[PDB]
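Comments concern the structure below.
Number of protein chains: 2
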Amino acid sequence: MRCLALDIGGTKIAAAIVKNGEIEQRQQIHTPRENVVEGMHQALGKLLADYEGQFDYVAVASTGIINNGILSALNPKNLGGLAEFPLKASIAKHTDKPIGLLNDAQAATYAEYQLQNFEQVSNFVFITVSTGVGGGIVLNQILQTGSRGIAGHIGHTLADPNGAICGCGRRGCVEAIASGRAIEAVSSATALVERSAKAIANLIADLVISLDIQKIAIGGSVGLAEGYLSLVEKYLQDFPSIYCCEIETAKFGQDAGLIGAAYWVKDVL
Amino acid sequence: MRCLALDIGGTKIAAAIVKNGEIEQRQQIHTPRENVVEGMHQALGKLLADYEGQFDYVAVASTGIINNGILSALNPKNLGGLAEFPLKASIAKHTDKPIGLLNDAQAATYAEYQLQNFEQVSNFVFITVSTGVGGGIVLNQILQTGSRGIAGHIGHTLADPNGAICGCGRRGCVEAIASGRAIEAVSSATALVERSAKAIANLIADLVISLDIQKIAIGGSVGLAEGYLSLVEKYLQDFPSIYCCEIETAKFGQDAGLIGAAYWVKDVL
Ligand SMILES: CC(=O)N[C@H]1[C@@H](O)[C@H](O)[C@@H](CO)O[C@@H]1O
Ligand SMILES: CC(=O)N[C@H]1[C@@H](O)[C@H](O)[C@@H](CO)O[C@@H]1O
Ligand SMILES: [Zn+2]
Ligand SMILES: [Zn+2]
Numbered sequence: 001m002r003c004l005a006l007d008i009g010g011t012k013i014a015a016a017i018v019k020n021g022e023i024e025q026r027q028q029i030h031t032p033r034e035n036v037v038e039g040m041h042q043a044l045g046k047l048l049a050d051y052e053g054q055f056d057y058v059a060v061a062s063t064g065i066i067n068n069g070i071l072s073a074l075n076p077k078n079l080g081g082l083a084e085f086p087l088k089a090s091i092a093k094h095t096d097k098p099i100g101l102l103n104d105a106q107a108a109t110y111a112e113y114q115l116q117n118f119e120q121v122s123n124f125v126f127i128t129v130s131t132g133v134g135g136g137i138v139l140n141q142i143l144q145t146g147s148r149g150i151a152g153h154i155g156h157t158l159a160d161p162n163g164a165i166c167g168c169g170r171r172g173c174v175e176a177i178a179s180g181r182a183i184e185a186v187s188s210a211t212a213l214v215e216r217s218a219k220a221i222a223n224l225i226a227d228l229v230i231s232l233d234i235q236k237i238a239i240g241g242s243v244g245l246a247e248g249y250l251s252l253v254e255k256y257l258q259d260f261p262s263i264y265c266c267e268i269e270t271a272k273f274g275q276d277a278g279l280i281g282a283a284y285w286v287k288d289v290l
Numbered sequence: 001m002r003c004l005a006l007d008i009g010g011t012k013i014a015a016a017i018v019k020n021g022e023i024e025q026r027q028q029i030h031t032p033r034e035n036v037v038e039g040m041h042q043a044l045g046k047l048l049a050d051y052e053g054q055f056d057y058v059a060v061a062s063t064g065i066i067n068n069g070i071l072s073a074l075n076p077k078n079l080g081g082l083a084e085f086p087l088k089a090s091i092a093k094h095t096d097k098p099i100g101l102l103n104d105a106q107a108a109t110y111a112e113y114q115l116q117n118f119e120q121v122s123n124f125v126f127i128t129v130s131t132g133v134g135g136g137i138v139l140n141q142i143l144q145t146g147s148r149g150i151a152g153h154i155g156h157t158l159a160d161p162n163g164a165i166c167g168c169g170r171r172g173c174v175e176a177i178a179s180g181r182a183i184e185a186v187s188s210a211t212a213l214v215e216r217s218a219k220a221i222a223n224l225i226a227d228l229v230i231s232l233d234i235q236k237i238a239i240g241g242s243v244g245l246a247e248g249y250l251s252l253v254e255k256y257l258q259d260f261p262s263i264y265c266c267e268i269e270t271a272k273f274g275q276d277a278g279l280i281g282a283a284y285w286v287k288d289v290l
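Same order as they appear, the protein sequences are chains A and A'. A prime marks a further copy of an entry chain. For the first sequence, the residue numbers in the authors' numbering are 1 to 188, 210 to 290. For the second sequence, the residue numbers in the authors' numbering are 1 to 188, 210 to 290.
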C-alpha cells in the first residue's frame with residue numbers, strides 16, 4: 001500500500017513514502033542536538049505536514065528501545081542527551097492513520113532478511129555500525145523484539161572490560177569502542214578503524230557461537246564504508262573456523278530502516 | 001515412561017533411570033583423561049550393560065556440539081584432548097531402543113525452564129559454570145538449538161580480548177576466565214573467584230540486553246557453590262538497571278541434564 005516511513009537516528013532523521021515497496025519522496029534532516037524535546041516535536045510535525053494526505057499508515061524505525069509508543073534511550077548520548085520521548089503520541093497529534101514503531105536496527109534487519117534465501121538462511125543478524133552500533137536478530141525466520149523491545153541491542157554487549165565507559169552507563173560496550181561516535185571521540210589513524218573492526222569481528226563471532234547465526238549483513242555509515250567490511254573479514258579469520266560466517270553489506274543501504282519499518286508494520290498488520 | 005539418561009561432562013559421566021520424572025539408579029564415573037576414545041567406548045558399554053532391559057529409550061546430555069549423533073568438541077581440552085566422538089553410534093551398539101542427544105547445558109536449560117511461571121517467563125537462559133561454561137537459550141518458551149546444535153555456547157563469547165587463550169582456539173572466552181578449569185589453572210585467593218563472578222555478570226548483562234532474557238538460572242559445580250550466586254549478584258548491580266535480571270540457582274542441581282535430556286527426548290518424540 002502507501003506508507004509514510006520515518007528513520008529516526010542519533011544524527012539524522014530520514015523520511016519517505018514507501019509505495020508498493022519503492023522509496024519516493026526522501027528527506028533527511030539533522031537530528032536536534034539541543035532543545036531536543038522541543039526539536040523532536042517540531043521535526044515530527046513538519047515531516048507529517050510535508051506528507052499530508054499521501055499515506056495510509058505511519059511506520060517508524062527509531063534508534064532506542066521502542067515499547068508502547070515510547071522511545072527509551074539506552075544511550076541518551078545518541079539522542080543529544082535525551083532520555084525518553086513520547087514518540088507515537090507526538091505523531092498521533094498530526095494524523096489518525098495507524099502508527100507502527102520498531103527499533104531502527106530491528107527494522108533494517110527485517111528489510112535485509114527479505115533478500116535472503118529463506119530456506120537455507122533461518123538465523124540472521126543485521127549489524128549497524130553508524131552513529132551508534134545496533135542490531136536485529138532473526139531466529140527461525142522470526143524477528144526477535146522481546147517483551148520490552150530490547151532484543152538486538154548488541155552494541156551494548158561487552159567488547160572490553162577495560163575500555164571506555166559507554167554512554168549507557170556500562171563499561172566497555174561494543175558501541176563505546178567501535179561506533180562512529182567512539183571513532184571520532186579519540187581523533188580530536211588507520212589504527213583507529215582497525216580497533217573498531219576487530220571489536221565488530223568479536224561481536225560477529227559471539228553471535229555465531231551463541232545463536233548459530235548463519236548469515237550477517239552489515240549496514241550503517243561506518244559499516245558500509247569503503248574497506249570496512251574487508252577489515253572485519255580479515256579479523257574474522259583469526260578465529261577458529263567454527264566462529265566464521267559469511268558477511269555481506271546491507272543491500273538496501275541507508276534505506277533499510279524505512280523499507281523494513283514500512284514492510285514490518287504492514288506484515289504484522 | 002522409562003528413560004536411560006546420560007550426562008557426559010568433561011570431568012564426570014552421570015547415568016540414571018528417569019521413570020515418571022524421578023531419578024532412580026544414579027551412577028557417576030570419571031570421564032576418561034587418557035585413552036579417551038577407547039575409554040568413552042568402554043564407559044558407554046559398561047553403563048549400557050548396567051541398565052539393560054530397564055529403559056524404553058536413551059536420552060544423552062553431552063558436553064560439546066551435538067549434531068547428527070556426533071559429539072564435536074568446541075573445547076577439546078574439556079574432553080581430555082578429544083576432538084570428536086561417534087556418540088550415538090557407540091550407544092546404538094548396545095541397544096536398538098531409540099537414542100536422543102542434546103548438548104548438556106541445552107538439556108539442563110530445558111529442565112529448569114519447566115519450573116518457570118511459563119506465561120511471565122518466556123525468554124530464559126540457564127548458565128552452567130562447572131568444568132567449562134555452558135548455556136541454553138529459551139526464547140518464546142522454545143529451546144534454541146540451531147541448525148548445527150551450536151546455540152547456547154555462551155562460554156565461548158568474549159569476556160576479555162586480552163585474556164587467556166581458550167582451549168577452543170579463541171582468545172578471551174568467558175570459559176577461559178570464569179570456569180572451573182580456568183580457576184584452578186592459576187591457583188597452581211578470593212580474588213580468583215571474583216574475576217570469575219564478574220565475567221559471569223558481564224555475560225548475564227550481555228544476554229539480557231541482546232535477547233531480552235527475563236530470567237536466568239545458574240547451575241554447575243562452580244555456579245551452585247556456596248556464595249557464588251551472591252557474588253555474581255553483587256557484580257550485576259554495578260550495571261545500569263536495564264542490564265539487571267533475577268538470577269536463581271538451578272533447582273534440579275546436578276540432575277538437570279539427566280531430567281532435561283530425558284524430558285526433551287520424550288517431548289519432541
Ligand atoms: C538512543 C539509543 O540508545 N540507541 C541505541 C540503539 O537502540 C540503536 O539501535 C543504536 C543504533 O541506532 O544506537 C544505540 O546503541
Ligand atoms: C566439549 C566442549 O567443548 N564443551 C563445551 C560446551 O558444549 C559445554 O556445554 C560446556 C559445559 O559442558 O563446556 C564447553 O564449553
Ligand atoms: Zn553501552
Ligand atoms: Zn572458547
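Backbone N, C-alpha and C define an ideal beta-carbon position, used for all residues, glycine too.
For the region 233 to 267 of chain A, the beta-carbon criterion of a distance under 7 angstroms to any beta-carbon of chain A' is satisfied by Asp233, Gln235, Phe260, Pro261, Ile263, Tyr264. Chain A places a beta carbon closer than 7 angstroms to that of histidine 153 of chain A', counting this residue as a contact. When rounded, the separation of the alpha-carbon atoms in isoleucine 66 of chain A and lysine 272 of chain A' is 34 angstroms. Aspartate 160 of chain A and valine 174 of chain A have their C-alpha atoms spaced approximately 8 angstroms apart. Between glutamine 28 of chain A and the set A/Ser187, A/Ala107, A/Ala14, the nearest pair of CA atoms involves A/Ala14.
The Cβ-Cβ distance between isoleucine 263 of chain A and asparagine 123 of chain A does not fall below 7 angstroms. In this structure, the beta-carbon distance from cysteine 168 of chain A' to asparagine 75 of chain A' falls below 7 angstroms.
Contact check between the region 23 to 38 of chain A' and the region 77 to 95 of chain A': three or more CB pairs, one atom from each, fall below 8 angstroms, which counts as touching. Rounded to whole angstroms, the gap between the alpha carbons of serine 242 of chain A and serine 231 of chain A' is 22 angstroms. Those residues having their beta-carbon less than 7 angstroms away from any non-hydrogen atom of ligand 4 are, in chain order, A'/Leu74, A'/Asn75, A'/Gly155, A'/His156, A'/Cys166, A'/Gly167, A'/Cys168, A'/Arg170, A'/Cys173, A'/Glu175, A'/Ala176. Considering only beta carbons, no part of the region 77 to 103 of chain A lies closer than 9 angstroms to chain A'.
Against chain A', the beta carbon of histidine 156 of chain A has neighbours under 7 angstroms at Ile230, listed in chain order. A Cβ-Cβ contact shorter than 7 angstroms links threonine 131 of chain A with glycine 9 of chain A. Distance from the Cα of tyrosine 113 of chain A' is smallest, within the candidate group A'/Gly172, A'/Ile142, A'/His30, for A'/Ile142. Among the bridge pairs identified by DSSP, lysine 19 of chain A is matched with A/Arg2, A/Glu22.
If the five residues before and after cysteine 265 of chain A are omitted, its C-beta is found closer than 6 angstroms to the C-beta atoms of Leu257, all from its own chain and listed in chain order. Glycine 169 of chain A has a beta carbon lying within less than 7 angstroms of a beta carbon in chain A'.
Assignment of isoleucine 230 of chain A' by DSSP, reduced to helix, strand and coil, places it in the helix class. Closer than 6 angstroms to some heavy atom of ligand 2: that describes the Cβ of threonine 63 of chain A'. By the Cβ-count criterion, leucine 158 of chain A' is buried, with 16 or more other Cβ atoms from all chains shown falling within 10 Å of its own Cβ. By the neighbour-count criterion, in which a residue is buried when 16 or more other Cβ atoms sit within 10 angstroms of its Cβ, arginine 181 of chain A is buried.
Annotated three-state conformation of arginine 170 of chain A' is coil, per DSSP. Per DSSP, reduced to three states, the secondary structure at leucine 224 of chain A is helical. For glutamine 116 of chain A', the secondary structure class from DSSP, reduced to helix, strand or coil, is coil. For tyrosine 256 of chain A, the enclosing alpha helix (DSSP H) stretches over residues 249 to 257. Judged by DSSP in its simplified three-state form, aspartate 160 of chain A' adopts coil rather than helix or strand.
Within 7 angstroms of the CB of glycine 64 of chain A', no CB atom of chain A is found; the nearest one sits about 12 angstroms away. Boundaries of the beta strand (DSSP E) harbouring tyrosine 57 of chain A: 57 to 62, taken from the DSSP string. If you check the C-beta of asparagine 78 of chain A' against ligand 2, you find a heavy atom less than 6 angstroms away. By the neighbour-count criterion, in which 16 or more other beta carbons inside 10 Å mark a residue as buried, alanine 185 of chain A' falls on the exposed side.
Assignment of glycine 180 of chain A by DSSP, reduced to helix, strand and coil, places it in the helix class. For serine 242 of chain A', there is no enclosing beta strand (DSSP E); the residue is found in the alpha helix (DSSP H) stretching over 241 to 244. In chain A, no part has a C-beta under 7 angstroms from the C-beta of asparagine 35 of chain A'; the shortest such distance is about 26 angstroms.
Of the other Cβ atoms in all chains shown, 16 or more fall within 10 Å of the Cβ of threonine 128 of chain A'; this residue is therefore buried.
Look at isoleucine 70 of chain A here: in three-state DSSP terms it is strand. Rounded to whole angstroms, the Cβ separation of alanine 61 of chain A' and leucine 6 of chain A' is 7 angstroms, and the two are in contact under 8 angstroms.
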